[PDB]
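# Inside the fold
Listed below, chain by chain, are the residues.
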Amino acid sequence: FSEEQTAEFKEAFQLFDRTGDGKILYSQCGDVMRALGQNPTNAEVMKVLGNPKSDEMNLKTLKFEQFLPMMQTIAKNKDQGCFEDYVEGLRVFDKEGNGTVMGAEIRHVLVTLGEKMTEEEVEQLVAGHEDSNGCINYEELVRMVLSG
Amino acid sequence: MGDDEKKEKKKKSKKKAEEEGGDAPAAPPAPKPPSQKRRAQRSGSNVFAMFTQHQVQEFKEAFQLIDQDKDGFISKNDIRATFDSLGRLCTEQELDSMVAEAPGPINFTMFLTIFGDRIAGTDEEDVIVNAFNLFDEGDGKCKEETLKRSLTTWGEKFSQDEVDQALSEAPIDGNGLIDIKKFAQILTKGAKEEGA
Amino acid sequence: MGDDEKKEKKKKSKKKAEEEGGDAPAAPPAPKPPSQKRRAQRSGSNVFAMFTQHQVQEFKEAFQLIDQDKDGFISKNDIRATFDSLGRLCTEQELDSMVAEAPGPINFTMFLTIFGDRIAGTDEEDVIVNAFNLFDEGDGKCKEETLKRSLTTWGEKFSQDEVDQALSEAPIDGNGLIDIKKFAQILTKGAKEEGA
Amino acid sequence: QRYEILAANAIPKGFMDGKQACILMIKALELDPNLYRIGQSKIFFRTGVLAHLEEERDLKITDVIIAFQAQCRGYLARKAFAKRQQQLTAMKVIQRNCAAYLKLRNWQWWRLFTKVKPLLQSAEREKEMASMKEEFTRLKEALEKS
Amino acid sequence: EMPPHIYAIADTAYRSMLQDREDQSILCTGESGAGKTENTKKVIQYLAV
Amino acid sequence: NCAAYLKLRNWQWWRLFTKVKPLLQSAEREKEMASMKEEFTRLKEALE
């Protein structure tokens, strides 16, 4: 990364502290990273954190040359998707095959699959991209997730 | 030169901050290099525009019982008078801490930036309120015992003397010190009693 | 040492009130151990609109209107030719007395020294709406019979003369002297000139 | 439209019949022939199978549907990070404060702006004036389409 | 992991219904004091939380 | 007040309010932002 954007990252680190000495909680790693032009899966991060459970996930600490290498060690990346991948991967609620997507079910997948979203996380991604019957045009729901 | 602007502001800046490191002694305070006027600009600072119609004239709405220089002022010689007669204070040690909101003419065109400096001067809300509102989590507050654990065990460790005085004083309000208000006792919207 | 601050506390006077009005006090503070002067506060500045926002603006800035010869004081000849420059002149005696509402040098400060301090006179307009607005039994008006019968008969009494003068001025409509307007007719942003 | 990417390898080429592509995603995590059942719309499962393969489908969709949920988390965290982006030097300011606490409730510019501050008009107002004109038009437009 | 129980069928019902949109009945059988009375109040204890 | 119109309209240090005294400003944009203020809530409230 250039020193420029890394300075912005130095701040996005610096802000997020606890005892006042260059110390970020493991928890915050992916989220800060996400804002920093990245969407690293919890599974991706968990690899480069060393499999904590909720306890030491909440308790263990990062510092900057643990954070910034992690950022990088995901950032140069492998599979990360595009429109064509995500129209199929968001035709993912087509109910008959309809070019529009299932309202409750888009919420449920988000609770029910891998990286279990809260209710909160589910509703926010979905809401108001359905119609009266609760059909979501995914062809657009795709671009919404893929840019913003 | 422009040191003329700065003699009028060795009068008025000095309004911030040259003797400020008082009982905690002789700090690296406000600098003479002109760019640094904008480090004196820290958060908590609102200054309303010149022909204000009035948030600035509200200072006329109290003007009478404050001023010094009445073609219409409060000079050095008026927080190095008035605060000893209006809001707080100063030892030669804390001299131009508080007197660093006037070491030189608070004209009406500076009353402007003294209720400006009221909602500004000493580390105001974004600093003070948020000192603990950032340790805090949310629509919340901080735990009493944990704040005792702080004050003594975290950083420059303080004495018993210091804790006891700041204990009987601490607004313990439901097992938790009401931090936002321990700071913003000094602020909101319902009093016209002190400082000014 | 701890003293040079306190040396300075005396130039307040040298341009505000005191150089006329030791009447409006310099209030002694500053006891040498400078921890002490935190007891000297003026706690509680509120009542109805003391600086009312369409009045005391004008008064003070009518120093820049009433100082005609542009000296910095207000002479007998200032108030006069400046009233003549509007219209209705006081006689030199009426003026002399109106200057003698202060002991002599009515300058920029002595002017406002008597101006603000005089907080009393007539009733407020919203009280004056309550005057007949509290007599009505609903949202309605005031039957004219009741305003005539009252002014003459009840409590403090008028003469016929006193009512008839008030009656040609009194906005009768629908046998109802709709009181809200007559109140504004007597006392809104009222007439100039009569003081200062 | 869920199991999809259990076989990121099997399905490509834009779009693909529903029903059929499901056999492609389902085979790629073993999902034994006798245990899942296809109608028009409903899928049916035996005791034991559905659900440990739904669970283990969380384990094997990973690849894109975890990388779907990831994009979501992304998009959201952008907006939602907040809570610790702060305290550091202000905590150290609590210490500035505390070394001086003896002199804190003890403060200069406290309350004298705000009791005669219902009684006055002209307020924030110059900040308002320009942006009030902008506010006036906007407020009209937004009410209209509601 | 959610196996043969009045509950088990009741989450089969609770899931399917909402997917398929075909309405659901849970019907006990069998003789006197055979716990229709209860296996019902279990479907009650199931959905209640 | 009624007897004050009959009598107290008469000192030297009270009836000085208009002629050249609305020339001291601090009322212009308020005249607009009184009427606009009423419309401002009439616009906010109905929207929300």
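Residues numbered from 1 in each chain as written, not as in the entry; some residues may be left out. Chains lettered and ligands numbered in written order. Part of a larger assembly, values for the part shown. Heavy atoms only, no water.

The record names cryo-EM as the way this model was obtained, at a resolution of 20 Å.

As annotated in the PDB entry, chain D is Myosin-11,Myosin-7 from Gallus gallus. Looking at the PDB record, one finds the entry titled "Tarantula heavy meromyosin obtained by flexible docking to Tarantula muscle thick filament Cryo-EM 3D-MAP".

Chain A is annotated in the PDB entry as Myosin light polypeptide 6 of Gallus gallus. The record held by UniProt for chain A lists under Function the comment "Regulatory light chain of myosin. Does not bind calcium." According to UniProt, the comment filed for chain A under the heading Subunit is "Myosin is a hexamer of 2 heavy chains and 4 light chains." (UniProt positions renumbered as here; feature names shortened; annotations may be inferred.)

## Let's talk about the overall build of chain D
For chain D, the helix and strand inventory stands at five helices and two strands. Taken from the N to the C terminus, the helices and strands of chain D come in the order α-β-β-α-α-α-α. Expected size for 146 residues packed as a compact globule is a radius of gyration near 15 Å; at 31 Å, chain D overshoots this value by more than 25%. Expressed along its principal axes, the backbone C-alpha trace of chain D runs to roughly 80 × 55 × 30 Å. Per-residue burial for chain D yields a buried fraction of 43% across its 146 residues. Restricting to contacts in chain D with at least 6 residues of sequence separation, those with at least 24 account for 39%. Counting every atom, chain D has about 7600 Å² of accessible surface; 59% of that belongs to carbon and sulfur. In chain D, the 27 positive side-chain charges and the 16 negative ones have mean positions that sit 10 Å from each other. (Helix = DSSP H or I, 4+ residues; strand = E, 2+ residues; numbered from the N terminus. Rg over C-alpha atoms; globule rule 2.2 N^0.38 Å. Buried < 20%, exposed > 50% of the residue type's maximum accessible area, 1.4 Å probe, protein only. Contact = heavy atoms within 4.5 Å. Areas by Shrake-Rupley, 256 points an atom, 1.4 Å probe, with all protein chains shown as cover. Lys, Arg positive; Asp, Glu negative; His and termini not counted. Charge placed at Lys NZ, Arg CZ, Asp CG, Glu CD.)

## Some remarks on a nonpolar patch on the surface
Side chains of C:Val47, C:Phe48, C:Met50 and C:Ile119 sit close together on the surface and give an oily, nonpolar patch of about 470 Å² of accessible area. Mapping C:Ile119 onto the fold places it in the loop between α7 (108–117) and α8 (125–133). (Patch = residues over 30% accessible without salt bridge, like charges linked within 9 Å, V, L, I, M, F, W, Y side chains within 5 Å. Salt bridge = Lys/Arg side-chain N within 4 Å of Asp/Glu carboxyl O.)

## A look at the interface of chain B and chain D
With 58 residues of chain B in contact, the opposing surface of chain D contributes 37 residues. Run the count over chain B and chain D and you get six salt bridges. With a closest N to O distance of 2.6 Å, D:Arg105 and B:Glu169 form a salt bridge. Here chain B is connected to chain D by 34 residue pairs in polar contact. Of all the elements in the fold, those that place two or more residues in the side of chain B that touches chain D are α5 (108–118), α6 (128–133), α8 (160–168) and α9 (179–184) of chain B. Here the side of chain B that touches chain D takes five residues from α6(B), the largest share from any one element. (Polar contact = N/O pair within 3.5 Å; in protein donor to acceptor, adjacent residues only side chain to side chain.)

## A few points about the side chain of C:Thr109
With respect to the helices and strands, the residue C:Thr109 is situated in helix α7. Ignoring sequence-local partners within four residues, the contact set of C:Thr109 consists of B:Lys70, C:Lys15, C:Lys16, C:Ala17 and C:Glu20.

## Describing the domain arrangement of chain A
The domains assigned to chain A are domain 1 (1–79) and domain 2 (80–148). The distance between the C-alpha centroids of domain 1 of chain A and domain 2 of chain A comes to 27 Å. (Domains from an automatic or database assignment.)

## Quick word on the packing of helix α5 (residues 76–84) of chain C against helix α6 (residues 92–99) of chain C
How two helices sit against one another is set out by the angle between their axes and by the gap between those axes. All names here are of chain C. Remark: α5 packs on α6, axes separated minimally by 9 Å, with the N-to-C direction vectors making an angle of 125°. With respect to each other, α5 and α6 are oriented oblique. Here α5 runs over α6; the crossing is right-handed. Of the residues in α6, those touching α5 at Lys76, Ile79, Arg80 and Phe83 are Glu92, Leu95, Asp96, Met98 and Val99. (Axes fitted to C-alpha atoms, helices over the stretch in contact; angles between N-to-C directions. Parallel < 35°, antiparallel > 145°, perpendicular 65-115°, else oblique. Left-handed = near helix turned anticlockwise from the far one by under 90°.)

## Focus: the packing of aromatic side chains
For the coordinates displayed, the defined rule picks out 25 aromatic pairs over all chains. With a centroid separation of 5.1 Å and 90° between ring planes, the pair formed by A:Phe1 and A:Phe9 is classed as edge-to-face. Every member of this aromatic cluster is reached through a ring pair, and the members are C:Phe59, C:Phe63, C:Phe108, C:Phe111, C:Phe115 and F:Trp13. Between the NZ or CZ atom of B:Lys182 and the centre of the ring of D:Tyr101, over which it lies, the distance is 4.7 Å. The ring of D:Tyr3 carries the charged tip of D:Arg57 above its face, separated from the ring centre by 5.2 Å. (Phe/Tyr/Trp six-rings, centres within 6.5 Å; stacked < 30°, edge-to-face > 60°. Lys NZ or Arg CZ within 6 Å of the ring centre and 35° of its normal.)

## Things to note about unusual backbone geometry
Put simply, B:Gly195 and B:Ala196 share a cis peptide bond, and its omega is 10°. Inspection of the secondary structure puts B:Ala196 in the segment after α9. Between C:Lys192 and the following residue, C:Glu193, the backbone shows a cis peptide bond with an omega angle of 20°. Tracing the sequence through the fold places C:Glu193 in the segment after α11 (179–187). Look at E:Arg21: it is not a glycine, yet its phi comes out positive at around 60°. Residue class for E:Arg21 comes out exposed when judged on its relative accessible area of 68%.

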